[PDB]
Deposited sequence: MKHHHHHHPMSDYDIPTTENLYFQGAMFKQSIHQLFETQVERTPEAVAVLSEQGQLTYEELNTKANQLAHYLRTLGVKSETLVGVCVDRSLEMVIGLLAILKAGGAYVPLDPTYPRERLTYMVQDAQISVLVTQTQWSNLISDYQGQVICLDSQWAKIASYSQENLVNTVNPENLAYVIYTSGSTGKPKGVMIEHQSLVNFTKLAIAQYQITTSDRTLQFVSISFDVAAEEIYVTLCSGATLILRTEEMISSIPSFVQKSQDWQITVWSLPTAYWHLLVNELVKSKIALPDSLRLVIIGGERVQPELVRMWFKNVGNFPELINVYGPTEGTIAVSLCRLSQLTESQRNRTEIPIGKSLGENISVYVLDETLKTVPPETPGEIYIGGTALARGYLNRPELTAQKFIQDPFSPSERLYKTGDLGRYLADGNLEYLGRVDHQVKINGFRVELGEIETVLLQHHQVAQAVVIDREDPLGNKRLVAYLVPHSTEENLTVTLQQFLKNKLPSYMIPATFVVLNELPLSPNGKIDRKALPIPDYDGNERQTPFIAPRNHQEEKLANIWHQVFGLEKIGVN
C-alpha cells in the first residue's frame, strides 16, 4: 500500500474539507483551501522543473505560507530543504551550493539571503496573483515512496553541516505510527512550536494535518515568557503541546515557582530532544499529576524524527524515583531499536551498549557524504537486506523492557535545544589566523584556545568571526587562553 505524505494529507482533505487545517494570529485555512493553494503552487513549481528528487530550498517564516510551501513542494514531487533565515549568509549559501538547489520558495523579506543566487526564486508574499492562476487540482503520480521528502541539515564535526535525506516512506510510517500512539483526532489542536530546521516540526505538522486536527502556529513573542506561553495556549484551547525538553524544564520551574494553571484544554505534552531531569519529572508529577499525559520521545534525525517513546504519566512511583527516566520502547513493530556491543551483537538485559536503529525509520543517508554515510549507516551483518544506524547514543534495556539513555560516545551535544557538534565549532575557530589549536566543551559552551598572537579583544573578535559562519547557539559565551 504505497503512499506519500501528501497523499495521506489529501485523503484527510477529502474526508473533512471544511475543517480548519491551520490557524495563526493572522488568519486561517480550511483543509480544502490549504490543499487548493498548495496545489496551485505545486503546479507552478512543476513548470519550474521541480520533479521527483529535486531539492527545493525553503526560507519562509512561520506562517500559513510556510505550510502551503511545504505541502506544495511535496505535491510537485520535490524534497524540501529548510533554510533557516536566522543563520548567517555564508552558512545558507553553503547549503544551497551543497544541495544544488535551483528553486527557492521564500518571501520578499528574505531576498538577499543567498549570495550569488542564480536559480529560480518564488516569493509567496508578492507573487500570489500569479500562483492563483495555476490549477487547484491534486497532481497525480509525481513521486514514489522511496523518493525524498526532505533534506534537513545538521551540525557536522568535520566543519560544515550535512543534509539528512528522508524518504516519503519513512516519514509516512512515522506519521501513521505517531497519530495512533498519540491518539490524535479531528478535535485536537496542536501548537506548532519548533522551527522547520528541526525534524520535530514535521511531527507537529504532518501528525496534525494527516489526522484532521488543527495546526496552530505560534508567534516568537509567545515563548519568551512561560506565563504568556500558557495563557496564549489557553486562549487558543491547545490540546497538544510539543516541547523541546529544555523548554519543558523551564516550564516546570515556572509552573511551581508561580501558581500557574495549565490550560484546561491541554491533554498531551510531548517532550524530547535531550535527557529529561528526573527531579523535574518528580516535580511535574507532584504539582500537575497525571493529566495532561506526558510523553518522552527519543530519536535522531537520521531515524526520521523518533523511534521510541515512554509514557511518563504511566510510570510507577518507583520507576520515576530512578536516576534515569526511560526513553521507552519502539514506536512500532517495523522500527528496531537495538542496544548492541562492538561486534553488533545484542546484549543481555540491563547491559549497556550502543544504540542502533533498524527498519523503516532509517534515512536514506547523508547528502554528498559517502564516507560518513558508510560509517553511520551500516549493513546489518545478521540481516543482509537491511541497515543499522549507529546513533552514537549509549543505552540499556531494563528488565521491564524499557530503554534507558546513558549518554554519548562522542562530542555531539545539545545547546539550548539544538544539536551541536563540538568539533564543528573547534574546526571553524582553527581557520582563524590567531588560533593555533582549540577545544570547545560543554557546559554552556566554553572555548579553550592557544593563540598565535593574543590581544585583549580576542573574545569579541572570535565571536564576530563565528557570527558570520555558525548559528548563534554554536557561539561560545566564554573563551579561555594559555
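According to the record, C-alpha coordinates are lacking for deposited residues 1 to 27, 471 to 477, 517 to 573.
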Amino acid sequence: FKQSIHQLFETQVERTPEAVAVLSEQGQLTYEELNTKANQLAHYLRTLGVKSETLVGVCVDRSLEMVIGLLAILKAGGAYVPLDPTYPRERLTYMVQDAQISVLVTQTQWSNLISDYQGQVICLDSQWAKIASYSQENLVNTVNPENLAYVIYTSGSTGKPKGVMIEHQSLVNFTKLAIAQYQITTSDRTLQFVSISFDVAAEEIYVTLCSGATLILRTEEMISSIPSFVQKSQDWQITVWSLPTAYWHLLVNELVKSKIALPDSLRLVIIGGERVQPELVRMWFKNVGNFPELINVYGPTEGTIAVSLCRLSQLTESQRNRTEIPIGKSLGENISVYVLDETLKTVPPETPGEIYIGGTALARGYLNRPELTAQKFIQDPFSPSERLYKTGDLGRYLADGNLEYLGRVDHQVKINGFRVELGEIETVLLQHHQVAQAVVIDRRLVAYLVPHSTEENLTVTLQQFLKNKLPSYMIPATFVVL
From here on, numbers count along this sequence of modelled residues.
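Take the two forms, superpose them, and find the largest set of C-alpha atoms that agree within 1.5 Å; that set is the rigid core.
Taking the rigid core as the alignment reference, the C-alpha atoms of 109 to 117 lie farther on average from the displayed form in 4 other deposited structures of this protein than those of the other stretch among 72 to 80 and 109 to 117. Stretches 454 to 462 and 470 to 478 differ in mean C-alpha B factor, with the higher average recorded for 454 to 462. Checked against the record, the higher mean CA B factor of 318 to 326 and 264 to 272 lies with 318 to 326.
Highest C-alpha temperature factor among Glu65, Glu53, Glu32, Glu426 per the entry: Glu426. Looking only at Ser133, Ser383, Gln237, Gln127, the residue with the top Cα B factor in the deposited structure is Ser383.
For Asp84, the recorded CA temperature factor ranks within the middle third of the chain's modelled residues. Among all modelled residues in this chain, the alpha-carbon of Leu177 has a temperature factor (C-alpha) in the lowest third.
Per-chain ranking of the deposited C-alpha B factor places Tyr153 in the lowest third. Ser336: CA B factor in the middle third of modelled residues in this chain (values from the PDB entry).
Sorting the modelled residues of the chain by their CA temperature factor places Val439 in the highest third.
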